[PDB]
Amino acid sequence: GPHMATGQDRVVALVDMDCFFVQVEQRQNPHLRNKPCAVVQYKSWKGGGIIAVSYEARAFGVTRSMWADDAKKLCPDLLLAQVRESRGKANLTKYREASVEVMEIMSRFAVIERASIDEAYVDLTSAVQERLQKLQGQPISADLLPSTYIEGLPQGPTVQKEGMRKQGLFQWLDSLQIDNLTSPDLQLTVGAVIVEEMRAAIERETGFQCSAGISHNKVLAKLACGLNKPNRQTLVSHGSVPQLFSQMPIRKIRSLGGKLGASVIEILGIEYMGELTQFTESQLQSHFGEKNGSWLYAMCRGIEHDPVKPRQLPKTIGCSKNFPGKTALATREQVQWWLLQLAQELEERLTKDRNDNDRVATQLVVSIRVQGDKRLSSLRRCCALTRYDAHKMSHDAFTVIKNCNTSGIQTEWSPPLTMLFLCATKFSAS
DNA sequence: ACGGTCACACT
DNA sequence: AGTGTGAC
Ligand SMILES: Nc1ccn([C@H]2C[C@H](O)[C@@H](COP(=O)(O)NP(=O)(O)OP(=O)(O)O)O2)c(=O)n1
Ligand SMILES: [Mg+2]
Ligand SMILES: [Mg+2]
């Protein structure tokens, strides 16, 4: 009991933008605002794939990955913003740049880890101690947490959601012992205050609304963030974990969404995260491996040690395009032209990256898929990247994958390529 | 015909 | 260096 480590050492927040691509388009185009809206790419095929959905639109059942034509059936008045197309492919520059706006603001408060284009993890442990020191035996007002939810509260002895939020928050605050600096719950609470400030700054400065989860680790922070979206932040305490995890589907936990989560469910015959507590660390390790087993054992107990990496920028800069079914490239000239298009966009992004971030990519990775292959990549190959030259990069990429072309004629390409991928990696200071 | 990107574990 | 999984 005295020696058991509860994973309450850190205060971690995950801030995730609400329907991010939609918001970027909405900010730029006021007409989209407060309306059922979605962002689509490649309009020609079935109206284009939906990649982002406004909350008004989600009410109609519109979802990501839905074809726009299908979405229209559910929501006749659905408004659509198209992903920019450059050189015959979708260009995500606007959203990347919008992401930078958010990331830079967040970086002001603490070192951040860029988990995705629209979200980043924040370790507020240092910030919290300092803030706790700044306010002395200073009780924390509810006003400082206007958008905060306390998961699991209210409990025990208004049918409006805001009323519920307030009751829960009040129960939490009344419970709090302000005087003790060490208390994890107090630390989470102060962390929540900062997140409120972080989120207000984001909205004021970009016009983008976001949600956040405050907890002692990344997994819990991420899970918490989703609980009260949109435009709200949720504090998941260590104590709330048992009840929260008791009915929490295993797939919900980050990294348990795929095969591992399925095997975990299949092998152990359980549905909920909480049920994982019944197994010894060794038991979990035997089925899912040493690293996974330890992670699962600690995680179902609300404990995770994965640190918030200090990484604001992406480690890689990549361009890729799919050429599905009939559109697969079956000629050498075709492959070369598309490689060139990818290389050109990559070059523009690489050049801007070098100026902005003082770094150069020393390695080029070329990936392709042949028709009928199961795998996302038929082949992956890498060559040195010494110049930010689109022609050289595309020329080099062709050299690397050219032998994949079986056909004797060599003016043709067989099998036709379903996918082309170019990625710049191994960045170095410059 | 569930696209375009990213990170990272395993080998 | 290459492959596969998971995420968003
Ligand atoms: N499969 C996916 C998932 C997300 N994205 C993009 C579009 C999203 O707007 C953006 C952020 O992803 P997301 O946070 O998981 N969902 P989104 O931000 O749109 O809505 P929220 O549920 O977070 O409020 O990345 C994508 O392009 N392809
Ligand atoms: Mg989001
Ligand atoms: Mg996200």
# chains A, B, ... in the order shown; residues from 1 in each chain; ligands from 1
call {"tool": "interface_residues", "arguments": {"of": "chain A", "to": "chain C", "cutoff": "12 Å", "atoms": "only C-alpha atoms (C1' of nucleotides)", "output": "count of residues only"}}
result
39
call {"tool": "residues_around", "arguments": {"residues": "residue 5 in chain B", "least_positions_apart": "2", "cutoff": "12 Å", "atoms": "only C-alpha atoms (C1' of nucleotides)", "output": "list in words"}}
result
residues 90, 91, 92, 93, 95, 96, 116, 117, 314, 315, 316, 317, 318, 319, 320, 321, 421, 422 and 423 of chain A; 3 and 7 of chain B; 7 and 8 of chain C
call {"tool": "select_by_dssp", "arguments": {"residues": "range 175-224 of chain A", "states": "helix (DSSP H, G or I)", "output": "number ranges by chain"}}
result
A: 175, 184-206, 218-224
call {"tool": "write_last_selection", "arguments": {"atoms": "C-alpha atoms", "output": "mmCIF file, in the first residue's frame"}}
result
data_model
loop_
_atom_site.group_PDB
_atom_site.id
_atom_site.type_symbol
_atom_site.label_atom_id
_atom_site.label_comp_id
_atom_site.auth_asym_id
_atom_site.auth_seq_id
_atom_site.Cartn_x
_atom_site.Cartn_y
_atom_site.Cartn_z
ATOM 1 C CA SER A 175 -13.904 17.778 -1.890
ATOM 2 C CA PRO A 184 -2.669 14.578 -7.264
ATOM 3 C CA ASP A 185 -6.329 15.632 -7.480
ATOM 4 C CA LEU A 186 -5.379 19.209 -6.625
ATOM 5 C CA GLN A 187 -2.613 19.024 -9.220
ATOM 6 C CA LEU A 188 -5.062 17.798 -11.860
ATOM 7 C CA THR A 189 -7.433 20.610 -10.902
ATOM 8 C CA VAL A 190 -4.761 23.285 -11.311
ATOM 9 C CA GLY A 191 -3.749 21.600 -14.552
ATOM 10 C CA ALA A 192 -7.367 21.929 -15.647
ATOM 11 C CA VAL A 193 -7.260 25.653 -14.876
ATOM 12 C CA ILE A 194 -4.254 26.075 -17.162
ATOM 13 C CA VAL A 195 -5.944 24.019 -19.882
ATOM 14 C CA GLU A 196 -8.910 26.394 -19.677
ATOM 15 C CA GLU A 197 -6.461 29.243 -20.249
ATOM 16 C CA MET A 198 -4.743 27.260 -23.025
ATOM 17 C CA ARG A 199 -8.017 26.613 -24.767
ATOM 18 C CA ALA A 200 -9.239 30.198 -24.407
ATOM 19 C CA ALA A 201 -5.978 31.408 -25.938
ATOM 20 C CA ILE A 202 -6.379 28.976 -28.834
ATOM 21 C CA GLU A 203 -9.935 30.088 -29.597
ATOM 22 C CA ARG A 204 -9.204 33.799 -29.195
ATOM 23 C CA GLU A 205 -6.080 33.707 -31.334
ATOM 24 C CA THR A 206 -7.202 31.308 -34.088
ATOM 25 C CA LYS A 218 -1.442 10.306 -22.154
ATOM 26 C CA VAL A 219 -3.955 7.473 -22.570
ATOM 27 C CA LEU A 220 -6.264 8.805 -19.849
ATOM 28 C CA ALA A 221 -5.940 12.391 -21.081
ATOM 29 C CA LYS A 222 -6.842 11.290 -24.610
ATOM 30 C CA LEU A 223 -9.795 9.204 -23.422
ATOM 31 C CA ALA A 224 -10.986 12.065 -21.212
#
call {"tool": "select_by_dssp", "arguments": {"residues": "range 121-286 of chain A", "states": "strand (DSSP E or B)", "output": "ChimeraX atom specification"}}
result
/A:121-123,148-150,210-215,233-235,249,272
call {"tool": "write_last_selection", "arguments": {"atoms": "N, CA, C and O atoms", "output": "tab-separated table (two decimals), in the first residue's frame"}}
result
chain	number	residue	atom	x	y	z
A	121	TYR	N	-0.11	16.49	-27.05
A	121	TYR	CA	-0.07	16.22	-25.62
A	121	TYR	C	0.77	17.27	-24.91
A	121	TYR	O	1.72	17.81	-25.48
A	122	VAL	N	0.41	17.58	-23.67
A	122	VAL	CA	1.12	18.57	-22.89
A	122	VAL	C	1.42	18.03	-21.49
A	122	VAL	O	0.53	17.53	-20.81
A	123	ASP	N	2.68	18.15	-21.07
A	123	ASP	CA	3.04	17.80	-19.70
A	123	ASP	C	3.06	19.06	-18.86
A	123	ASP	O	3.93	19.92	-19.01
A	148	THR	N	-15.02	23.02	-17.75
A	148	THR	CA	-14.47	21.76	-17.24
A	148	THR	C	-15.52	20.79	-16.73
A	148	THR	O	-16.47	21.18	-16.05
A	149	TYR	N	-15.34	19.51	-17.07
A	149	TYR	CA	-16.17	18.43	-16.57
A	149	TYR	C	-15.35	17.53	-15.66
A	149	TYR	O	-14.19	17.24	-15.95
A	150	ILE	N	-15.94	17.08	-14.56
A	150	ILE	CA	-15.30	16.09	-13.71
A	150	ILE	C	-15.95	14.73	-13.94
A	150	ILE	O	-17.08	14.50	-13.53
A	210	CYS	N	-11.65	23.88	-29.37
A	210	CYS	CA	-11.02	22.59	-29.11
A	210	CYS	C	-11.52	21.99	-27.80
A	210	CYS	O	-12.16	22.66	-26.99
A	211	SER	N	-11.22	20.71	-27.60
A	211	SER	CA	-11.54	20.02	-26.36
A	211	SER	C	-10.27	19.44	-25.78
A	211	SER	O	-9.28	19.26	-26.49
A	212	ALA	N	-10.29	19.14	-24.49
A	212	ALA	CA	-9.09	18.63	-23.83
A	212	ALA	C	-9.40	17.63	-22.72
A	212	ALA	O	-10.47	17.65	-22.12
A	213	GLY	N	-8.44	16.74	-22.48
A	213	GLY	CA	-8.52	15.82	-21.36
A	213	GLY	C	-7.34	16.05	-20.43
A	213	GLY	O	-6.20	16.12	-20.88
A	214	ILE	N	-7.62	16.17	-19.14
A	214	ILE	CA	-6.57	16.34	-18.15
A	214	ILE	C	-6.49	15.11	-17.26
A	214	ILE	O	-7.47	14.75	-16.60
A	215	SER	N	-5.33	14.47	-17.23
A	215	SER	CA	-5.14	13.28	-16.42
A	215	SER	C	-3.66	13.10	-16.07
A	215	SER	O	-2.85	13.99	-16.31
A	233	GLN	N	-13.75	20.50	-21.86
A	233	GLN	CA	-12.61	19.75	-21.35
A	233	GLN	C	-13.01	18.89	-20.16
A	233	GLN	O	-13.81	19.30	-19.32
A	234	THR	N	-12.44	17.70	-20.09
A	234	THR	CA	-12.80	16.74	-19.05
A	234	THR	C	-11.59	16.33	-18.22
A	234	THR	O	-10.55	15.97	-18.75
A	235	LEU	N	-11.75	16.39	-16.90
A	235	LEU	CA	-10.72	15.96	-15.98
A	235	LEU	C	-11.01	14.54	-15.52
A	235	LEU	O	-12.03	14.29	-14.88
A	249	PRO	N	-15.27	-0.14	-23.32
A	249	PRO	CA	-14.82	-1.12	-24.31
A	249	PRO	C	-13.31	-1.02	-24.52
A	249	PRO	O	-12.78	0.09	-24.58
A	272	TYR	N	-14.39	-5.27	-21.34
A	272	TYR	CA	-14.11	-3.97	-20.73
A	272	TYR	C	-12.68	-3.83	-20.20
A	272	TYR	O	-12.06	-4.82	-19.78
call {"tool": "interface_residues", "arguments": {"of": "chain B", "to": "chain A", "cutoff": "7 Å", "atoms": "only C-alpha atoms (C1' of nucleotides)", "output": "list in words"}}
result
residues 1, 2, 4 and 5 of chain B
call {"tool": "write_last_selection", "arguments": {"atoms": "N, CA and C atoms (P, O5', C5', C4', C3', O3' and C1' of nucleotides)", "output": "PDB file, in the first residue's frame"}}
result
ATOM      1  P    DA B   1     -10.332  -1.201 -54.929  1.00  0.00           P
ATOM      2  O5'  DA B   1     -11.141   0.140 -54.635  1.00  0.00           O
ATOM      3  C5'  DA B   1     -10.797   0.988 -53.520  1.00  0.00           C
ATOM      4  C4'  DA B   1     -11.929   1.947 -53.228  1.00  0.00           C
ATOM      5  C3'  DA B   1     -13.316   1.316 -53.256  1.00  0.00           C
ATOM      6  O3'  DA B   1     -14.239   2.111 -52.510  1.00  0.00           O
ATOM      7  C1'  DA B   1     -13.111   2.796 -55.070  1.00  0.00           C
ATOM      8  P    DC B   2     -14.360   1.782 -50.966  1.00  0.00           P
ATOM      9  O5'  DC B   2     -13.267   2.733 -50.309  1.00  0.00           O
ATOM     10  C5'  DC B   2     -13.645   3.860 -49.498  1.00  0.00           C
ATOM     11  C4'  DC B   2     -12.445   4.373 -48.738  1.00  0.00           C
ATOM     12  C3'  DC B   2     -11.137   3.650 -49.062  1.00  0.00           C
ATOM     13  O3'  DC B   2     -10.048   4.572 -49.144  1.00  0.00           O
ATOM     14  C1'  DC B   2     -11.617   3.423 -46.751  1.00  0.00           C
ATOM     15  P    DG B   4      -4.775   9.806 -51.946  1.00  0.00           P
ATOM     16  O5'  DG B   4      -4.299  10.545 -50.611  1.00  0.00           O
ATOM     17  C5'  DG B   4      -4.709  11.885 -50.356  1.00  0.00           C
ATOM     18  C4'  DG B   4      -4.031  12.438 -49.116  1.00  0.00           C
ATOM     19  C3'  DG B   4      -2.521  12.217 -49.080  1.00  0.00           C
ATOM     20  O3'  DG B   4      -1.873  13.300 -48.392  1.00  0.00           O
ATOM     21  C1'  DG B   4      -3.469  11.231 -47.213  1.00  0.00           C
ATOM     22  P    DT B   5      -0.334  13.658 -48.704  1.00  0.00           P
ATOM     23  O5'  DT B   5       0.490  12.546 -47.904  1.00  0.00           O
ATOM     24  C5'  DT B   5      -0.046  11.837 -46.791  1.00  0.00           C
ATOM     25  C4'  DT B   5      -0.126  12.676 -45.536  1.00  0.00           C
ATOM     26  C3'  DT B   5       1.182  12.735 -44.785  1.00  0.00           C
ATOM     27  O3'  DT B   5       1.206  13.891 -43.982  1.00  0.00           O
ATOM     28  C1'  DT B   5      -0.326  11.275 -43.658  1.00  0.00           C
TER      29       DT B   5
END
call {"tool": "residues_around", "arguments": {"residues": "residue 154 in chain A", "least_positions_apart": "2", "cutoff": "12 Å", "atoms": "only C-alpha atoms (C1' of nucleotides)", "output": "count of residues only"}}
result
23
call {"tool": "atom_distance", "arguments": {"atom1": "CA of residue 238 in chain A", "atom2": "CA of residue 112 in chain A"}}
result
22.3 Å
call {"tool": "atom_distance", "arguments": {"atom1": "CA of residue 419 in chain A", "atom2": "atom 8 (C, counted along the ligand's line) of ligand 1"}}
result
22.4 Å
call {"tool": "closest_residue", "arguments": {"among": "A:415, A:302, A:239, A:230", "to": "ligand 2", "atoms": "only C-alpha atoms and all ligand atoms"}}
result
A:230
call {"tool": "atom_distance", "arguments": {"atom1": "CA of residue 110 in chain A", "atom2": "atom 16 (N, counted along the ligand's line) of ligand 1"}}
result
23.4 Å
call {"tool": "residues_around", "arguments": {"residues": "range 30-36 of chain A", "least_positions_apart": "2", "cutoff": "9 Å", "atoms": "only C-alpha atoms (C1' of nucleotides)", "output": "list in words"}}
result
residues 22, 23, 25, 26, 27, 28, 38, 53, 54, 55, 56, 57, 58, 59, 60, 75, 77, 78, 79, 80 and 81 of chain A
call {"tool": "residues_around", "arguments": {"residues": "residue 133 in chain A", "least_positions_apart": "4", "cutoff": "12 Å", "atoms": "only C-alpha atoms (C1' of nucleotides)", "output": "MDAnalysis selection string"}}
result
chainID A and resid 126:129 137:138 178:182 187 190
